[PDB]
Protein chains: 10
Amino acid sequence: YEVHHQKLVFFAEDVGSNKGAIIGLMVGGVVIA
Amino acid sequence: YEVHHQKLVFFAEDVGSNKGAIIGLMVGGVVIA
Amino acid sequence: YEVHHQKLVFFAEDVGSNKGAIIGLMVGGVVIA
Amino acid sequence: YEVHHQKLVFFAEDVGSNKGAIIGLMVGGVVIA
Amino acid sequence: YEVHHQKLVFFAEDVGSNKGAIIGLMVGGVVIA
Amino acid sequence: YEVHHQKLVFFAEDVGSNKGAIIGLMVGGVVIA
Amino acid sequence: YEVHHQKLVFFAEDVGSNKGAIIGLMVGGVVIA
Amino acid sequence: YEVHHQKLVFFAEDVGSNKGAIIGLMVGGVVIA
Amino acid sequence: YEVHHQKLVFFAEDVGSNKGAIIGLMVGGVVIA
Amino acid sequence: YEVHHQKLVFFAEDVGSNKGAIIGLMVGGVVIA
C-alpha cells in the first residue's frame, strides 16, 4: 500500500489528560491504548 | 490499496480525557482502545 | 509500503498530562500506551 | 518500506507532564509508554 | 527500509517534566518510557 | 447556623476534566462554576 | 456560624485537568471557577 | 465565625494539570481560578 | 474569626503542572490563579 | 482573626513545574499566580 500527495493540518487546542493515542495520520501498523 | 490527493483539516478544541484513540486519517492497520 | 509527498502541520497548544502517545505521522510499527 | 519527500511542522506549546511518547514522525519500530 | 528528502521543524515551547520520550523523527528501533 | 459531629468519606477515582466545582462539604457561601 | 468536631477523608485518585475548584471542606467564602 | 476540632486527610494521587484551585479546607476568603 | 485545634494531612503524589493554587488550609484571604 | 492550635503535615512527592502557588497554610493575605 502506497500513500502520497497529502496535506494535513492538525490542531489540539486543549487536552486534559490522554491515556490513549492521538495520531494525525497512520498509514498502517497497530496502536493500542 | 493506494490513497493520495487528500486535504484534511482536524480540530480538537477541548477534550477532557481520552482513553481510546483520536485519529485524523487511517488508511489501514488495527487500533485498539 | 511507500509514503512520500506529504505536508503535515501539527499543533499541541496545551496538554495536561499524556500517559500514552502523541504522533504526528506513523507509516508503520507498533505503539503501545 | 521507503519514505521520502515530506515536510513536517510540529508544535508543542505547553505540556504539563508526559509519561509516554511524543513523536513527530515514525516510519517504523516499536514505541512503548 | 530507506528514508530521505525530509524537512522537519520541531518546537517544544514549554514542558513541565517528561518521564518518557520526545522524538522529532524515528525511522526505526525501540523506545521504552 | 452551626455544623458539627460529621464523618465524611469522599472518593474521586477518575475525572477527565472539571470546569466547575467538586466539594466534599459546604456549610455555606457561594460557589460559581 | 461555627463548625467543629468533623472527620473528613478526601481522595483524588486521578484527575486529568481541573479548571475550577476542588475543595475538601468550605465553611464559607466565595469560590469562582 | 469559628472553626475548630477538625481532622482532615487529603489525597491527590495523580493530577494532570490544574488551572484552578485545590484546597483541603477553607474557612473563608475568596478563591478565583 | 478564629481557627484552632485542627489536624491536617495533605498528600500530592503526582502533579504534572499547576498554573493555579494548591492549598492545604486557608482561613482567609484571597487567592487568584 | 486569630488562628492557633493546628497540626499540619504536607507532602509534595513530585511536581513537574509549578507556575502558581503551593501553600501549606494561609491565614490571610492575597496570593496571585
# chains A, B, ... in the order shown; residues from 1 in each chain; ligands from 1
>>> closest_atom_pairs(of="chain H", to="region 3-17 of chain B", cutoff="12 Å", atoms="only C-alpha atoms", output="CSV")
residue,atom,partner,partner_atom,distance
H:15,CA,B:17,CA,11.8
H:16,CA,B:17,CA,9.9
H:17,CA,B:16,CA,11.3
>>> write_last_selection(atoms="N, CA and C atoms", output="tab-separated table (two decimals), in the first residue's frame")
chain	number	residue	atom	x	y	z
H	15	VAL	N	-2.71	14.19	39.32
H	15	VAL	CA	-3.40	15.29	38.65
H	15	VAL	C	-2.57	15.67	37.44
H	16	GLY	N	-3.22	15.73	36.27
H	16	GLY	CA	-2.51	16.09	35.06
H	16	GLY	C	-2.05	17.53	35.07
H	17	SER	N	-2.99	18.47	35.07
H	17	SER	CA	-2.66	19.89	35.13
H	17	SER	C	-3.85	20.64	35.68
>>> calpha_fit_and_write(fixed="chain F", moving="chain C", output="CSV table (one decimal) with C-alpha atoms, in the first residue's frame")
chain,number,residue,atom,x,y,z
C,1,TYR,CA,-26.0,28.2,61.6
C,2,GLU,CA,-23.8,25.6,63.3
C,3,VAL,CA,-22.5,22.3,61.9
C,4,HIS,CA,-20.6,19.6,63.9
C,5,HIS,CA,-20.2,15.9,64.6
C,6,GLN,CA,-19.9,14.8,61.0
C,7,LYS,CA,-18.0,11.9,59.4
C,8,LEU,CA,-17.4,12.3,55.7
C,9,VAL,CA,-15.6,10.0,53.2
C,10,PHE,CA,-15.1,11.3,49.7
C,11,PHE,CA,-13.7,9.3,46.6
C,12,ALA,CA,-12.9,10.7,43.2
C,13,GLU,CA,-11.5,7.6,41.4
C,14,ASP,CA,-11.3,9.3,37.9
C,15,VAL,CA,-12.3,12.6,36.5
C,16,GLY,CA,-11.5,13.7,32.9
C,17,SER,CA,-11.7,17.4,33.2
C,18,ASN,CA,-13.7,19.5,35.7
C,19,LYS,CA,-14.6,23.1,34.7
C,20,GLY,CA,-16.8,23.6,37.8
C,21,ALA,CA,-16.6,22.7,41.5
C,22,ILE,CA,-16.1,19.5,43.4
C,23,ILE,CA,-16.8,20.0,47.1
C,24,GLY,CA,-16.9,17.4,49.8
C,25,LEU,CA,-18.8,19.5,52.3
C,26,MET,CA,-20.0,23.2,52.1
C,27,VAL,CA,-21.8,24.7,55.2
C,28,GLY,CA,-22.3,28.0,53.4
C,29,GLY,CA,-21.0,30.5,51.0
C,30,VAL,CA,-21.4,30.9,47.2
C,31,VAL,CA,-19.7,28.7,44.6
C,32,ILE,CA,-19.9,29.6,40.9
C,33,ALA,CA,-18.6,27.5,38.0
>>> select_by_dssp(residues="chain G", states="strand (DSSP E or B)", output="PyMOL selection string")
chain G and resi 2-12+15-18+21-26+30-32
>>> write_last_selection(atoms="C-alpha atoms", output="short mmCIF file (atom, residue, chain, number, x, y, z; two decimals), in the first residue's frame")
data_model
loop_
_atom_site.label_atom_id
_atom_site.label_comp_id
_atom_site.auth_asym_id
_atom_site.auth_seq_id
_atom_site.Cartn_x
_atom_site.Cartn_y
_atom_site.Cartn_z
CA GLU G 2 -19.43 27.80 63.95
CA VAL G 3 -18.13 24.46 62.67
CA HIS G 4 -16.30 21.86 64.76
CA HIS G 5 -15.90 18.16 65.55
CA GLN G 6 -15.55 16.93 61.97
CA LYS G 7 -13.68 13.97 60.49
CA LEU G 8 -13.03 14.24 56.74
CA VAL G 9 -11.23 11.85 54.38
CA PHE G 10 -10.70 13.01 50.80
CA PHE G 11 -9.37 11.00 47.85
CA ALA G 12 -8.50 12.20 44.33
CA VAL G 15 -7.81 13.97 37.61
CA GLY G 16 -6.96 14.89 34.03
CA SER G 17 -7.14 18.68 34.21
CA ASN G 18 -9.15 20.87 36.59
CA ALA G 21 -12.02 24.24 42.25
CA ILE G 22 -11.56 21.04 44.25
CA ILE G 23 -12.36 21.64 47.92
CA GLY G 24 -12.47 19.14 50.76
CA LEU G 25 -14.41 21.42 53.12
CA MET G 26 -15.60 25.03 52.84
CA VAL G 30 -16.88 32.59 47.70
CA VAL G 31 -15.16 30.33 45.15
CA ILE G 32 -15.30 31.15 41.43
#
>>> decode(residues="chain D", atoms="C-alpha atoms", output="mmCIF file, in the first residue's frame")
data_model
loop_
_atom_site.group_PDB
_atom_site.id
_atom_site.type_symbol
_atom_site.label_atom_id
_atom_site.label_comp_id
_atom_site.auth_asym_id
_atom_site.auth_seq_id
_atom_site.Cartn_x
_atom_site.Cartn_y
_atom_site.Cartn_z
ATOM 1 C CA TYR D 1 9.267 0.337 3.066
ATOM 2 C CA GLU D 2 10.579 3.700 1.848
ATOM 3 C CA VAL D 3 9.588 7.198 2.992
ATOM 4 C CA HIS D 4 10.723 10.449 1.389
ATOM 5 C CA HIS D 5 9.711 13.936 0.236
ATOM 6 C CA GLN D 6 7.961 15.006 3.440
ATOM 7 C CA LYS D 7 7.509 18.425 5.045
ATOM 8 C CA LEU D 8 6.596 18.316 8.743
ATOM 9 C CA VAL D 9 5.982 21.158 11.204
ATOM 10 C CA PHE D 10 5.449 20.214 14.855
ATOM 11 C CA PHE D 11 4.384 22.472 17.733
ATOM 12 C CA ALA D 12 4.167 21.657 21.455
ATOM 13 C CA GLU D 13 3.193 24.963 23.051
ATOM 14 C CA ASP D 14 2.662 23.594 26.571
ATOM 15 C CA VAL D 15 2.731 20.106 28.112
ATOM 16 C CA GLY D 16 2.347 19.529 31.838
ATOM 17 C CA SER D 17 3.979 16.119 32.199
ATOM 18 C CA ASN D 18 4.346 13.357 29.608
ATOM 19 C CA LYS D 19 4.764 9.768 30.805
ATOM 20 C CA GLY D 20 4.558 8.316 27.289
ATOM 21 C CA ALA D 21 5.915 9.300 23.885
ATOM 22 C CA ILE D 22 5.665 12.430 21.737
ATOM 23 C CA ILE D 23 6.819 11.698 18.184
ATOM 24 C CA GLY D 24 6.779 13.986 15.168
ATOM 25 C CA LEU D 25 7.231 11.177 12.638
ATOM 26 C CA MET D 26 7.802 7.423 12.995
ATOM 27 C CA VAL D 27 8.384 5.330 9.874
ATOM 28 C CA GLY D 28 8.651 2.112 11.876
ATOM 29 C CA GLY D 29 9.825 0.472 15.065
ATOM 30 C CA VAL D 30 8.051 -0.083 18.372
ATOM 31 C CA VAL D 31 7.357 2.594 20.996
ATOM 32 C CA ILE D 32 6.078 1.628 24.455
ATOM 33 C CA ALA D 33 4.958 4.075 27.141
#
